[PDB]
Each structure stands twice: as C-alpha cells, then as structure tokens.
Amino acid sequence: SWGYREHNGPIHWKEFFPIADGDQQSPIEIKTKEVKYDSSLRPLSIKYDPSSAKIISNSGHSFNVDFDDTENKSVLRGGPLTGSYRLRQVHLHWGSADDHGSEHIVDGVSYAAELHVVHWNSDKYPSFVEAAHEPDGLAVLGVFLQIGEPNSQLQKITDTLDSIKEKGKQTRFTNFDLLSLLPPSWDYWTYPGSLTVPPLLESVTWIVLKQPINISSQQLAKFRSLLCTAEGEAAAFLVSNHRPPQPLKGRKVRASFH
C-alpha cells in the first residue's frame, strides 16, 4: 500500500495510479515571472466556525482534522471559485529535514512544511467523496510554513500528537481556530490540479497563499514522530510526507495580486 517509503513512495505511485503522470497533477513549481495577475478573481471569503472541527486522527500519511461538513458554517467562497465550497479537513506535509518539505515550490524556494485546507463543492455534489471525482469538485488552500519563531496557533494540534501516535488513532478535536493559522495576507496563486496523494484525482482548484506562516524547528520535529504504522506493528516513522512537483504540461498559474 502507498506511502512515502523507498518501495511505496511517490516514484511508485504510477504503478497503481497511472493518473500520477497526468496532465493536471499537483503539486507544481510556480515561476512568478510567468504568472499573470487576473482582475476577474473575486475577493476570497473565508468563514470558519471553530465548532465545526470534530476529530483529529493519524491516517498514516499525516494528521487529519475532520470537520462537520453537513452544514455551511465553515465555507470558502470567492477567489477563483463558483459557489460555496464546504470545509472538510486540514492536514500537513513536511520533509525529513527543515530545509525542504513543502509540496509547492516558488521560484525554486521550498518551505519547511505546507498546510492544506480541503473544501468541496456542496452546491453541486452530494458528498465530499463524490465531489473528489469531478473537475470543479474540490478546492484546497495551501499555506507555507517557514522556520521561524514558534507558532502558538499550532499548540492545539501539537498537544494531541502523542495521543495519535499510531496509524488509526483518533481524538476529540473541537473549538479549533483555523482562521488564525492563516497568514495576515491572503494574496495567492491559483491553478487546476489534483490531490497530491493517491488516488491523485484531477479535481482540485488549488489556491496557494504567497505569505508563509512560521513554525519552529522543535515544533516541526514533533510531527515526524507520528507513525505510519498501526499499533502492534513494527514501528516506522512518518519523517517525510511530501510529493515532489509535477510538470505544468501547459497549464498556466494565475495571481490574485499585481
């Protein structure tokens, strides 16, 4: 089964998921010189309710915070999107060392980690699972993390990691302030792409924020002690969980800002 180890990692995913070499795969390199500002993008609207957060779990591939999404309390609108995309989950990608770990790379710059906020088109589709199979089904906000002063807004997450050390563990997680994990500017890049994990479906409108947030080295290290293995199984550590950028293959990246 797929992961980020030598014999199950990204270079092998095409073996079971040949859309891995598709034309709209993510993540990507953003070459700013080539990006065009687009004045037709609407203001980005983020309404998030802390009570929408329900559980945090270790999926084996990251931690996932899952939200109650039968309600429009927490939704992403505006920007490049038509309609209301309901918040579903939040997770994080990192590498085995602090100098690289983000999935998107900007003018050859990698950050230490990248948070993803996954939303789905509940104005058109019946469920997140369904919406993952349509082109306009998903919208994912990416936020880079750079090494800097520790980030107090990550404490609710970091405090839970020992409780979810093994794959499959879950813990009650509500009253989560997601909005405060976002940087003060929301200027972004946007392009059509895919999930960055199997099944790699090409159903995502990416919205990648330019401004990073901080994380300290000590805080980032706590994520690498999560296991990709379940209880009662020989331990392996989730020290890296980022897919490398894939080629643009003709797509253009748009900017929210000039």
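One-based numbering along the sequence shown. Each form is matched to the other, and the largest set of C-alpha atoms that superpose within 1.5 Å is called the rigid core.
- In summary, of the stretches 34-42 and 60-68, 34-42 shows the greater Cα distance from the shown form in 9 other deposited structures of this protein, with structures fitted on the rigid core.
- Taking only CA atoms, the mean B-factor in the PDB entry is higher for 227-235 than for the other of 45-53 and 227-235.
- Comparing the deposited coordinates for 200-208 and 65-73, the stretch with the larger average C-alpha B-factor is 65-73.
- Which of 216, 190, 32, 58 has the largest Cα B-factor in the deposited entry comes down to 32.
- In this structure the maximum Cα B-factor among 96, 152, 146, 122 is found at 152.
- Ranked by C-alpha B-factor against the other modelled residues of its chain, residue 109 falls in the highest third.
- When the modelled residues of the chain are ordered by C-alpha B-factor, residue 79 sits in the highest third.
- Among the modelled residues of its chain, residue 167 has a C-alpha B-factor that falls in the middle third, as given in the PDB entry.
- In this PDB entry, the Cα temperature factor of residue 89 sits in the bottom third of its chain's modelled residues, the lowest group.
- Per the deposited record, the Cα B-factor of residue 185 falls in the lowest third when ranked against the other modelled residues of its chain.
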